[PDB]
Amino acid sequence: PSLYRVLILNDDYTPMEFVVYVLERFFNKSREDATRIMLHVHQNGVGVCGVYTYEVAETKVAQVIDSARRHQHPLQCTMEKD
């Protein structure tokens, strides 16, 4: 039954706007909440985008990666047990 948290890692190439876009897009964040998480990731090196069931966490990871790569950004996204 364990839920899984989705994490994005900081990097020195992915635009902030794209990270905000990603959080609004795939994690259902208002722009204000996205901005907060984006800045937290920038400062902490890692941040939680959300917590979901394993299957849903898995698709959100893939979707962020797919989106990032097609935008040609190196944005790293992964998950771990909540």
Side-chain angles (χ1 to χ4, degrees):
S2 69
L3 298 196
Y4 284 73
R5 56 177 59 190
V6 177
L7 315 172
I8 49 178
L9 305 173
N10 188 36
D11 67 67
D12 307 320
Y13 308 98
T14 306
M16 287 183 185
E17 266 303 325
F18 181 73
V19 178
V20 171
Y21 161 87
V22 166
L23 291 161
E24 290 180 346
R25 185 88 154 112
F26 302 103
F27 302 100
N28 230 5
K29 307 296 170 167
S30 64
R31 178 166 179 87
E32 187 274 337
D33 287 338
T35 301
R36 167 189 61 89
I37 298 177
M38 179 274 292
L39 290 170
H40 167 84
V41 168
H42 185 79
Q43 205 175 3
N44 192 223
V46 67
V48 184
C49 306
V51 181
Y52 316 93
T53 68
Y54 176 70
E55 291 81 8
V56 171
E58 227 166 11
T59 55
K60 284 190 187 307
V61 169
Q63 290 165 359
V64 172
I65 305 263
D66 173 50
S67 181
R69 302 303 177 263
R70 291 184 295 103
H71 283 86
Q72 310 203 247
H73 301 311
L75 185 56
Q76 290 304 325
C77 188
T78 188
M79 51 186 288
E80 64 182 347
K81 282 165 86 86
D82 189 35

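All values below were derived from every heavy atom in this structure, side-chain atoms included, with hydrogens, water molecules and symmetry-related copies excluded. Start at 1 with the first residue, then count along the sequence.
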To the nearest 0.5 Å, what is the distance between [atom1] on [X] and [atom2] on [Y]?
X	Y	atom1	atom2	value
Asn44	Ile37	CG	CD1	12.5 Å
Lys60	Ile8	NZ	CD1	13.0 Å
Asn10	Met38	CG	CE	10.0 Å

> Are any side-chain N or O atoms of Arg70 and backbone N or O atoms of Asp66, one a donor and one an acceptor, separated by less than 3.5 Å?
Replying inline: yes
> Short question: side chain of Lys29, backbone of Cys49 - any donor-acceptor pair under 3.5 Å?
Replying inline: yes
Residue pair [X] / [Y]: nearest heavy atoms and the distance that separates them:
X	Y	value
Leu23	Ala34	CD1-O, 3.3 Å
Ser2	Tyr4	OG-CE1, 3.3 Å
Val64	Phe27	CG2-CE1, 3.5 Å

> Which is it for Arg36 and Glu24 under the salt bridge (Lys or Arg N to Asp or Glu O under 4.0 Å) test, yes or no, and what are the steps along the way?
Replying inline: CA-CA 11 Å; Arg36 167 189 61 89; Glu24 290 180 346; over 6 Å; no
Residues 75-82, side-chain donor-acceptor partners within the protein, below 3.5 Å, at least two apart:
from: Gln76; atom 1: NE2; to: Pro74; atom 2: O; distance (Å): 3.3
from: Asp82; atom 1: OD1; to: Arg5; atom 2: NE; distance (Å): 3.3
from: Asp82; atom 1: OD1; to: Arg5; atom 2: NH2; distance (Å): 3.0

> Side-chain donor-acceptor pair under 3.5 Å between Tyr54 and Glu58, yes or no?
Replying inline: yes
> For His42, does the NE2 atom sit with more than 12 other heavy atoms under 6.0 Å from it, leaving out its own atoms?
Replying inline: no
Answer yes or no: is there a side-chain heavy-atom contact under 4.5 Å between [X] and [Y]?
X	Y	answer
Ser67	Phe18	yes
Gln43	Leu39	no
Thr53	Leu3	yes

Path from [X] to [Y] over hydrophobic side-chain contacts below 4.5 Å:
X	Y	result
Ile65	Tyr52	yes
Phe26	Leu9	no
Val48	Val22	no

> Would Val61 and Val6 count as a side-chain contact (heavy atoms from CB on, under 4.5 Å) if you check the C-alpha gap in whole Å, the side-chain angles of each, and the deciding distance to 0.1 Å?
Replying inline: CA-CA 7 Å; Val61 169; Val6 177; 4.1 Å; yes
